[PDB]
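Protein chains: 2
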Amino acid sequence: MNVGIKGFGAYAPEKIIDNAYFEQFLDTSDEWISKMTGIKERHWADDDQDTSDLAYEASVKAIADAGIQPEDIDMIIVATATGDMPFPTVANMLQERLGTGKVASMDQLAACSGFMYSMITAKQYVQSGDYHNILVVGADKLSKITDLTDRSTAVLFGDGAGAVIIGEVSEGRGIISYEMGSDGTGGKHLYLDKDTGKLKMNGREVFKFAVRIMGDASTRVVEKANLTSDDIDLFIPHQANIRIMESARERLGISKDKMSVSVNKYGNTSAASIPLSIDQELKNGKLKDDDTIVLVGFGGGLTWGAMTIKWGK
Amino acid sequence: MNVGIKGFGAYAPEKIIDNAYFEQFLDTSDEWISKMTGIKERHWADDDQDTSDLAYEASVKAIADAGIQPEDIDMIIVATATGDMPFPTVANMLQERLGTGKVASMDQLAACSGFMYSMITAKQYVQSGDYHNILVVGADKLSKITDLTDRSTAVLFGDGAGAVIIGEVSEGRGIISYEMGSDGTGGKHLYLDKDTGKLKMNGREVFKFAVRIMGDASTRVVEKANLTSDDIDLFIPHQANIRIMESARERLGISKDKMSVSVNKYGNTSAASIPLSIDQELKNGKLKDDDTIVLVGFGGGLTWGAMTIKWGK
């Protein structure tokens, strides 16, 4: 059967943080940051607003956009590396708060590739035929695990949440191809320091793997889908670093103007990155039914994901 | 198709802690901890040994018992609430440490019910026809999140790991029926306190829920399977506490000598609970090919699950 996105929702906190905000406690500057990452500002959730709070907002919209009631949700999967707690999970909270049925709800960790993994995981259940609507969320409150003494990561991450309803869609539309991967050998280059509680990154190592995986993984899902660079209406990669993005956009070999770019206003929001970017293209009327979009991302693990899907309910 | 367990393995740390150990800092006694929990002793991983390490040990056994090589694994799903770090995930670490391919690998959060969730997640992936040997793990080092000044839970939790390879089994064996559920209103009765980093539990509220949910869900999966307590060879519940286990067994109305009990030597090992108990029945000669068992558990969240599965490769 054809399984796709029949409902979409996104959300970014209200507090906007400009690049000029780090000059006070870091050797940075708008010029530097903009040049190095292509970021101009990011969104940060308040102290009393955790990952579940963002996840909740993103979910409510995708439920209305799918044109269904929360009672119709057959399962909840929240992709996040920053859940409020390991238990109860963010999905457990969405179950009660969304007023859904007492269906299965879990968070699956795959970092920045998490959303595609969950999106793909949901497809597997919907194909079993016993599941019609699965709520998939990609949410992260990275600001709470960001080291503000390490300018290369401090000025890089933001918070945000994205969400969709995976279920069967009209024929010809939906998920066409996808790819998931792991490489435990690169975990040391990007992890959460057990003691300190802060994220650790080796920019140069992470950078080199990022440009390659996102480039190649995308190429793979496109060929698997048997598509031509002509059939690609939008290339929506993990908004990790404008330079990483361009490099991968370049590797894939696709028009510079087909790439979704929202890293300038959100920064790197891990699992929310892709949905937060699809939200832009939708409300700027640049993504429409029957358009074919290419998804790709990677995160600390190292993990990666790539998807090919024709938009439409 | 018939999807079941084609390889099994379990592990528990070398350090065994006697009930009398807690007398030096808690007002307890062997008789008291027994009377209340039925636990006699449990295992605690070493200071330099994390969930990863436990997961690893069971995985090696599970792959060897399956009769395959690490290069045959198509995916790696790790169920835990005490993973080393949110990223990389325990799964990512196994991918490497196991010398597996660069296959998909992620951790899934559903507390003590996660192991069942994950086995089902794998079922869905195998039913697609694209996956054949999915390494699923149940691991937890509850000891690092247990508050020893709270004898309530201090004497309850222990560490350990369980693992299985999910694939296609013969002679119409494997998973017959299942039920995964969730209920976020109980999140307050069992959560990881953010500030303190220690597990917080409301005993009575969890007890009440546990007994009811295990008994009821078991009855449903059996009935959904068109069976009776007679056809069930073993009733293997989350070894959360001997008193909670008997109450459920009484509700399910199954034979007292059909219930698998291992809490006595492991205590509560969360996700590892059921696989750790299956390991005991296998070697004591109580579980054999073509036997029909019933798995059921519950956890913080709250979550719960139940499976009816005919043993056999």
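Residue numbers (the entry's author numbering), protein chains in the order written: chain A, 1 to 313; chain B, 1 to 313.
Cβ atoms here follow ideal geometry from the backbone N, Cα and C, with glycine treated the same way.
query, result
"Residues sharing a beta bridge with residue 200 of chain A, DSSP", "A/191"
"The segment 92-116 of chain B: positions lying closer than 8 Å to chain A by Cβ", "92, 93, 94, 95, 96, 97, 102, 103, 104, 105, 106, 107, 108, 109, 110, 111, 114"
"7 Å Cβ cut-off: residues of chain B touching residue 187 of chain A", "88, 92, 93"
"Cβ of residue 303 of chain B within 9 Å of any chain A Cβ", "yes"
"Backbone secondary structure at residue 141 of chain B - three-state DSSP", "strand"
"Bridge-paired residues (DSSP) for residue 304 of chain B", "B/181, B/298"
"Short CB-CB distance (under 9 Å) between residue 81 of chain A and chain B", "yes"
"Buried/exposed call for residue 152 of chain B, threshold 16 Cβ in 10 Å", "exposed"
"Residues sharing a beta bridge with residue 310 of chain A, DSSP", "A/174, A/292"
"C-beta neighbour in chain A for residue 85 of chain B, strict 9 Å", "yes"
"Contact list for the segment 180-209 of chain A against chain B, Cβ threshold 9 Å", "180, 181, 182, 183, 184, 185, 186, 187, 188, 190, 191, 192, 193, 194, 199"
"Under 9 Å from the C-beta of residue 280 of chain B: neighbouring residues of chain A", "Result: empty, since nearest Cβ-Cβ is about 26 Å, beyond 9 Å."
"Residue from A/280, A/125, A/75, A/139 whose Cα sits closest to the Cα of residue 44 of chain A", "A/139"
"Contacts of residue 125 of chain B in chain A (Cβ-Cβ under 7 Å)", "124"
"Environment of residue 226 of chain A [buried if 16+ CB atoms lie within 10 Å]", "exposed"
"Among B/155, B/103, B/34, the one whose alpha carbon lies nearest that of residue 131 of chain B", "B/103"
"Any C-beta of chain A under 9 Å from that of residue 299 of chain B", "yes"
"Contact with chain B by residue 308 of chain A, beta-carbon distance below 9 Å", "no"
"Beta carbon of residue 162 of chain A nearer than 9 Å to that of residue 274 of chain A", "yes"
"Proximity test, Cβ basis, 9 Å: residue 121 of chain B and chain A", "yes"
"Inter-residue Cα distance where the pair is residue 279 of chain B and residue 88 of chain B", "28 Å"
"Cβ distance (whole Å) where residue 169 of chain A is taken to contact residue 232 of chain A below 8 Å", "Wrong, their Cβ atoms sit about 19 Å apart, outside the cutoff."
"Pick from A/75, A/52, A/166, A/269 that is closest to residue 180 of chain B, judged by C-alpha positions", "A/75"
"Closer than 9 Å to chain B by CB, residue 76 of chain A", "yes"
"Sequence-distant residues of the same chain with beta carbon closer than 7 Å to residue 120 of chain B, five excluded per side", "178, 180"
"Bridge partner(s) assigned by DSSP for residue 32 of chain A", "Bridge partners of residue 32 of chain A: none, in fact."
"For residue 119 of chain A, the first and last residue of its enclosing alpha helix (DSSP H)", "114-127"
"Sub-9 Å separation of residue 270 of chain A and residue 114 of chain A beta-carbons", "yes"
"Residue 106 of chain B - DSSP class collapsed to helix/strand/coil", "strand"
"Start-to-end residues for the beta strand (DSSP E) that takes in residue 282 of chain B", "Here residue 282 of chain B belongs to no beta strand (DSSP E); instead the alpha helix (DSSP H) covers 273-283."
"3-residue-minimum beta strand (DSSP E) runs that sit fully inside the segment 15-100 of chain A, ordered along the chain", "15-18, 41-44, 75-79"
"Same chain, Cβ closer than 6 Å to residue 296 of chain B, five either side skipped, listed in chain order", "214, 217, 218, 237, 306"
"Rounded distance between the beta-carbons of residue 73 of chain A and residue 133 of chain A, thought under 8 Å", "5 Å"
"Every unbroken alpha helix (DSSP H) inside the segment 227-255 of chain B [4 residues or more]", "242-252"
"Residues that DSSP places opposite residue 157 of chain B in a beta bridge", "B/268"
"Within 7 Å of chain B by C-beta, residues of the segment 160-178 of chain A in sequence order", "none"
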